[PDB]
Amino acid sequence: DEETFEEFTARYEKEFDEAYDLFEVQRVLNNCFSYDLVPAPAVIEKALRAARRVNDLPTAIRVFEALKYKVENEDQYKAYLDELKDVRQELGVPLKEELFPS
Amino acid sequence: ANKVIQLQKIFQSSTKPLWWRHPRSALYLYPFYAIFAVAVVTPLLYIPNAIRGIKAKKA
Amino acid sequence: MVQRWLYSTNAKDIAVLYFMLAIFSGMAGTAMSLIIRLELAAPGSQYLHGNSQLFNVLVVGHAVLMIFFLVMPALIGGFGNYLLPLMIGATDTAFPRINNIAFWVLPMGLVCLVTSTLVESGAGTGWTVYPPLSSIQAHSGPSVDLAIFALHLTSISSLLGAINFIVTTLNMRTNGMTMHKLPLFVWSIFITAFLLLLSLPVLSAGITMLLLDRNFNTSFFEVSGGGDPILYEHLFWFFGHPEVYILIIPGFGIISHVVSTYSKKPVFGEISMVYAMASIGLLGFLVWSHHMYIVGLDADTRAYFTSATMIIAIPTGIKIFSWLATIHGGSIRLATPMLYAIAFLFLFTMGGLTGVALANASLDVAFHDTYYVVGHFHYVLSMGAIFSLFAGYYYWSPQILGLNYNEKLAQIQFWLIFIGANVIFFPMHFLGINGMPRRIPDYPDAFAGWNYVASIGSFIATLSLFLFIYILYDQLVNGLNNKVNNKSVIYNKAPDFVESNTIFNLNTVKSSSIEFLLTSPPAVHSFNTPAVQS
Amino acid sequence: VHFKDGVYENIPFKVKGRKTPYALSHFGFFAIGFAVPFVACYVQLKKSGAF
Amino acid sequence: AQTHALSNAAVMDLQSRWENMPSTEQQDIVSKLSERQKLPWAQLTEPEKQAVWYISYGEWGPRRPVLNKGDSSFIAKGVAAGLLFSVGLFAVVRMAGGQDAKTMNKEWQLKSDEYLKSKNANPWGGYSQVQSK
Amino acid sequence: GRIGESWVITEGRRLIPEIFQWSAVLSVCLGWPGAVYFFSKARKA
């Protein structure tokens, strides 16, 4: 398997637009986070807009939870939360730390 | 003579176990079972002497 | 009821009889090793009243029961007969009446070996039965005859079963499954069946010729008629080594399934695993005289067998690194089967590295009949093959039986045998390197130290076996309750990270073999319309 | 031949609905296994004159 | 869809009450929250949001862990109790064993060393036989 | 460029504690017979 990073985003962007129920959105999301890379910000945005279209809020919360496991530092987690600022605000998605604050 | 077809219909319409369906099977199975019992019991009736070291006096 | 279990032609029912007999025999062989370790606790006569023949008799009985009546009827007669037809889609085995005689000869071979120890004085010869110590001058009476007939009956069993395993794999696979698509456990019973087919007939020549010297006035091995004792050792060891691999490879295939399930990853380099299992099964026919390094063979004969023995370390080390590559980057689930598999990787490596030292003929001069050898082969047979037998039972018995077991009781059992096995066998290397011979009931006083330590660990490990006997009782009386309370593990695979709890209930099982897709106790008519794969 | 299916149906021994407790069968079976080496010792020590 | 919110008495602390709820009452909560998630998500209340997260990814049912809290401590206590019982049973069976050999004393072992020191035994690794009382 | 701290510092913080936990386990698995000899009569009288 010789797939460049640019080919990775353009293929999973196409794969999030075709998912037609909850099983499909969760199965595609599982395979996207199972490689040796963190998906690009433009892939995360299409995964949030796919869970809105099937009307499921917990799947959109878990997207950012997996993001904080896969990064290497906590400053890589921050820079994602600063790119996807409008989308998390426009759809009304909270963070798991914000929802169950400790 | 040829008796394959005739035995073919006797066998396929019988309720008994496989080794009992032939009309001649009583003559083999009755004496075999009696002989099979003697051939199993008798060696076992000798282990008591073998442990006790008693040898048969064929002399 | 009578005709379901005495007339059986079903491969699942026969596999249950095998396991029942296998576990009843490990009781006797463990009791003999406990009597042996009590008499070795201290210098002097301890419990056997100075009867050295009796001590030697119990050592033969210990080895024969553990090998030919526990590990072979359970790893092969049990798991092979139950899981091989289900993993390839077969409706039965080929030759179902052959499959039944290969079990019923083992009860008759036990009432031959047991009555051998009760007649005259028994057979105090070692499990290799070398002549002239085992001929009628040095062993009179019928004890060695009755032990040979017992070995003959286990050879009929393993040979007939091997012919059945080979035909079933080649002829009865299901739609779409080709030989490159077999599960790795099916490959391990298939290759083992070929080693048995090509090594058992040479052992039947050797021990039938020994029976002829004793009773028919023959000189195959008698020195007064021209015969040679060293011929017997060539014939015995040409079966022996292939046997040790007939005992580890089925465990290689079990370890592959367990490690992959509790990592959520497929086996790394699956195709090179079959090539390694075949290379080890082939090189196990070219190395047998490393067991005869000091009997006076030529120096050029000994230099060949050194290099032949060493190169079996290359394919085996490929399987060790391959197993560590599948658990790397995994999602590890530490259930009871996974604990044994991780201990197998650590304790089998140690036992195999002490074999590499033994492989050189120059160094084996200080390693002959030395406890050091006893330490080598209890690390690969008792922390090896035995640990893979526990891993198998905890992996498949809930499905096979429909009954769950107490999980936290099983983790206590694992730690008690891991601690106790190490205490028996680790100091055995210290005794051997300092020069303690094997097969002695009594020793000089300087060996008392480590011999006391090993006898303590023998009590720890027997207590762990008695806990396993209770776990079987609890599973059979309380197995249905173990599913509704929180005392057992229900799923060997948990939901994935982003997979919700209710989506997980659509497909509970994510398996790459058929067996976990059947009903819990599998149906007696398991396939009517054949299974199909792409 | 047709057999039954279920939980306690694929084993040769009875566990439920029996008069005597199943513990007498389970531990009696494994006791006899553990006890055959001691019967052998008794016979042979009674042959050497130790007893 | 059903627009009105679920009442506080219904979903106040879903995580703590979920395990004891009757099953038919669990199905009714799921049905009403499925119609509520079809609205824009900025309208939903916090107890409603915490309920939907808990039912999907909460540590229950399938997500039950291998060992319950307090199980590792039961395991460590059971292993240490198994070591004690086997060792104390060994010392009882030892008491039925045979007498000591006549040479296993410090007095006998010190004359052994007298003989070995003369013959120059083990000249760089030690020859002493003393291991007894 | 790269966001955050160097990968050496992040990996150093994770492995150093594990080196010491490895050497304290392998010493128990291989050195436990040394303790038996410590409390023996034969040792150091």
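Quick notes
Just so it is clear, A, B, C, D, E and F label the chains in written order, and each chain counts residues from 1 on its own.
Just so it is clear, a residue touches a chain if its C-beta (ideal position, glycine included) is under 8 Å from a C-beta of that chain, and two chains touch if they have at least 3 such contacts.
Of the two chain pairs shown, A-E and C-D, the one joined by more C-beta contacts is C-D. Ranked by separation of Cα centres from chain E, the top chain is B. Measuring from the averaged C-alpha position of chain A to that of chain D gives a distance of 60 Å. Note on chain placement: the centre of chain B and the centre of chain C lie 37 Å apart, centres being C-alpha means. Chain D and chain E have Cα centroids separated by 33 Å.
The mean-CA centres of chain C and chain E are about 30 angstrom from one another, to the nearest whole unit. In chain C, the residues touching two or more other chains are 118, 449, 500. With touch defined as above, residues shared between interfaces to two or more other chains in chain D number as follows: 43. In chain E, 55-57, 131 are the positions where the chain touches two or more neighbouring chains simultaneously.
According to the touch criterion at the top of this document, the contacting chain pairs are A-C, A-E, A-F, B-C, C-D, C-E, C-F, E-F. Touching chain A in their complex are the following residues of chain C: 496-500, 503, 506.
On the side of chain A, the complex with chain C involves touching residues 22-23, 26, 29-30, 33, 58-59, 62-63, 66, 69. Every residue of chain A that touches chain F in the complex is listed here, in rising order: 72-76, 79. The part of chain C that touches chain F in the complex is made up of residues 422, 426-427, 430, 449-450, 453.
The residues of chain E lying in touch with chain C in their complex are 55-58, 60-64, 66-68, 71, 74-75, 78-79, 82-83, 85-87, 89-90, 93-94, 96-101, 103-104, 129, 131.
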